[PDB]
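Data block below; observations after.
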Amino acid sequence: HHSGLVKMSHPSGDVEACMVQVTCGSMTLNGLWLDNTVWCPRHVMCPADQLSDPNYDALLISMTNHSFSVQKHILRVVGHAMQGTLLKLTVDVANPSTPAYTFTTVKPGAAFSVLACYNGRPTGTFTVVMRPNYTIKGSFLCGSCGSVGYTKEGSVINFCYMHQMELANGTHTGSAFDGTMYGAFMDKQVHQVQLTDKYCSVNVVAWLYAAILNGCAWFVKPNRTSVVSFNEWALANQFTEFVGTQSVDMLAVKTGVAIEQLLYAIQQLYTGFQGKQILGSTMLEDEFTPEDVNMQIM
Amino acid sequence: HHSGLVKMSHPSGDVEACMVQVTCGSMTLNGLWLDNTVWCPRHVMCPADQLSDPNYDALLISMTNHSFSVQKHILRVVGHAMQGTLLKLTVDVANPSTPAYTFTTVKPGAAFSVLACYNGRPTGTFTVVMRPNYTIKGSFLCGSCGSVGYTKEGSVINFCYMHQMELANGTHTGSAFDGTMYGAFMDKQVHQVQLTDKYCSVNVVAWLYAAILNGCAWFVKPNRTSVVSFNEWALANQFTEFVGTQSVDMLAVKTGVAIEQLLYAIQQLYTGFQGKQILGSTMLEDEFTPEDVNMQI
Ligand SMILES: *[C@H](O)[C@H](C[C@@H]1CCNC1=O)NC(=O)[C@H](CC(C)C)NC(=O)O[C@H]1CC[C@H](CC)CC1
Ligand SMILES: *[C@H](O)[C@H](C[C@@H]1CCNC1=O)NC(=O)[C@H](CC(C)C)NC(=O)O[C@H]1CC[C@H](CC)CC1
């Protein structure tokens, strides 16, 4: 039986109306136009020559307001400033389609939508999970920097990601809108190695609840492992710490299966399912969130 | 190495702008507002009581324009007609933000984006493949009927799907905008014969090409199988006819691996990968298209 549990993105219209193209000399990428501000990655300021030890403090100083061209396809720059790894450009027109929005950094295991853009033109949307090593997967090619990731709660869009780079292993990372880069990473063109990844325990729990909700519960036993004992075990077996939420608790209540029974199950299934399947899979899945499961199965 | 091959949907803004809620007596669902026309599933006319064998012709006759209420959240009806399994409602105001559009009927193996809506409010977007048995997977709950699926050629939206129903196995089907149901399913709440799914061979080929481009070519041998023998093989082993395309050919040029090498490979890998992996999987994947792979890699 098909669960109906699929990778689902937020509708992108609200964010499509905010996307612009930013150009600084030879470099062109994408920007986010909210009210009188345009956000974009600061390496738009760097010529490909100096991309390996860029001196951003001196590059900023050398710019005037005319150094920046902002175009809308899907504007006059009257101020410029640097905030971490992002530029904050002030323009003389307030975006007439600015959504209600917040800037909140996301934590590992959280899911968000990405609107992939090239030259200020939205081309596609997909959902990603911030991994415990502060990378995301997804699809990003040359020119995609400035593409934004976001969630939506009510009328309020939370902008949480602005795309910056791709790593050697093909994963990706970027900034939060406070200007910090997710994970270590520096916006320089140099080899950077990401930390070891980990399974997102709370998302595995959610997925196993989805399985129970879908009729697949051969893996449930009376046996239980406590949260504290699971987290001790998790440090040493490449799982994140489990933190519960009202969202998980809703699934426990709905199914009548306690969280602690699923943490025990995870300790057994970790290694393989010995010929059985769960939701058409033979390994644990950690990219669906409790919120995903509550939305799409109930 | 993460290949960068993901399930990508079209930006939904253009379509969000056309979504409305349609109410008829006690039922409500979603509709599509293009110019002066609102499209919605005709079972909006059916009371819950009588969803097993509705008399749609008599329901339509029983109606008047004032039976139907249309509201845009994300409107007065002055005409109403039935086209197959859909209603075509004429409203007095034209949708100003009507995108350039056409109506197309997707074929099995083809991908399209879905805007899932409840009460006229877009809530989510995902991509599906029309399966060889004319169903789709996706995520659709109560109130989702009237959600639409679409492709894009340029700035032009091709509307191909309006959601109608769920089958006992959890899969879904809907109407094309000419009013016909994909796969001849009836918009009646009754058990119906669902054919068996098959592997979309052309998408399997595209996936193997993606593996090659990602530096996973362990399965590539100089051995070759012709299209016609493969297609003969495919009938007895739950695969679809392979039909080449310019998109596929681009991939054999990019990689330098010929189609027939991969058709031979499919015949071997169908039995299992024998301890090895392809793009993190131990089974063949058939929901990424030639167009996906070219676009994303
Ligand atoms: C801005 O559009 C790009 C996005 C890259 C391009 C290729 N795929 C992407 O996601 N960002 C960068 O190019 C970035 C600039 C520095 C200054 C941060 N550098 C970068 O991502 O380089 C990568 C390119 C890919 C290779 C392959 C492993 C490694 C370095
Ligand atoms: C219109 O919004 C719904 C969408 C369904 C409902 C639940 N999930 C969906 O995809 N369509 C219907 O409700 C449909 C109406 C008839 C007149 C076509 N009925 C329907 O899909 O019946 C299904 C419901 C689930 C059961 C499962 C054994 C089979 C029949």
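Details
- Taking Cβ atoms as reference points and 15 Å as the exclusive limit, the residues near B:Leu51 contribute a net charge of -2, counting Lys and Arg as +1 and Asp and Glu as -1.
- Scanning residues 5 or more positions from A:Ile157 or on other chains, those with amide H under 5 Å from its amide H are A:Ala100, A:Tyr101, A:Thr102, with H placed 1.01 Å from N in the peptide plane.
- Neighbour counts of C-beta atoms inside 10 Å place A:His163, B:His66 in the sequence B:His66, A:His163, starting with the fewest.
- Annotation: amide H-H contacts under 5 Å for B:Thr225 (H modelled 1.01 Å from N, sequence separation of 5 or more, or interchain): B:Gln261, B:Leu263, B:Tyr264.
- Overall Cα dimensions of the protein assembly as shown, principal axis frame, Å, largest first: 77, 60, 56
- Here is how the number arises for chain A: DSSP H runs of 4 or more residues each give -39500 (n - 2.57), the sum is divided by the residue count, and the result at 222 nm is -6000 deg cm²/dmol.
- Quick note on chain B: its Rg to Rh ratio, both from C-alpha atoms and Rh being the Kirkwood radius, is 1.04.
- Cα-Cα P(r), region B:97-199, percent of pairs per 10 Å interval: 15, 50, 30, 5, 0
- Karplus-derived 3J(HN,Hα) values for region A:185-192, using 6.51 cos²θ - 1.76 cosθ + 1.60 with θ = phi - 60°, are 6, 9, 7, 10, 8, 8, 4, 10 Hz; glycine and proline are entered as x.
- Paramagnetic reach from B:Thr196 in region B:223-238 [backbone N under 18 Å; point 7 Å along Cα→Cβ]: B:231-238
- Nonlocal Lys pairs with alpha-carbon distance under 23 Å, chain B (8 or more apart, or different chains): 16
- Positive-end ranking of A:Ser281, B:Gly149, B:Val15 along the dipole of the protein assembly as shown, with charges on Cβ about the Cα centre, is headed by A:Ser281.
- The tail of the calculated P(r) for region A:135-244 beyond 19 Å holds 63 percent of all Cα-Cα pairs.
- Projecting the Cα atoms of B:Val190, B:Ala81, B:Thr240 onto the dipole axis of chain B, where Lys and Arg carry +1 and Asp and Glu carry -1 at the beta carbon, places B:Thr240 farthest toward the positive end.
- The 3J(HN,Hα) values that the Karplus relation (6.51, -1.76, 1.60; θ = phi - 60°) gives for region B:53-61 are, in residue order, 9, x, 9, 5, 4, 6, 4, 4, 4 Hz. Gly and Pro appear as x.
- Here the 3J(HN,Hα) profile of region A:19-24, calculated from phi with Karplus coefficients 6.51, -1.76 and 1.60 at θ = phi - 60°, is 8, 10, 9, 10, 10, 10 Hz, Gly and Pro shown as x.
- Each of A:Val78, A:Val257, B:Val248 was scored by other Cβ atoms within 10 Å of its Cβ. Listed from fewest to most, they are A:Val78, A:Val257, B:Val248.
- Shape metrics for region A:145-193, restricted to C-alpha atoms - Rg then Dmax, Å: 12.2, 40
- With the gyration tensor restricted to C-alpha atoms of region B:33-81, the semi-axes of the equivalent ellipsoid amount to 22, 12, 10 Å, longest first.
All of the numbers you see were taken from the coordinates with simple rules; none came from a lab. Counting neighbours? That spans all protein chains shown, and the Cβs are built from the backbone with ideal geometry, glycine included.
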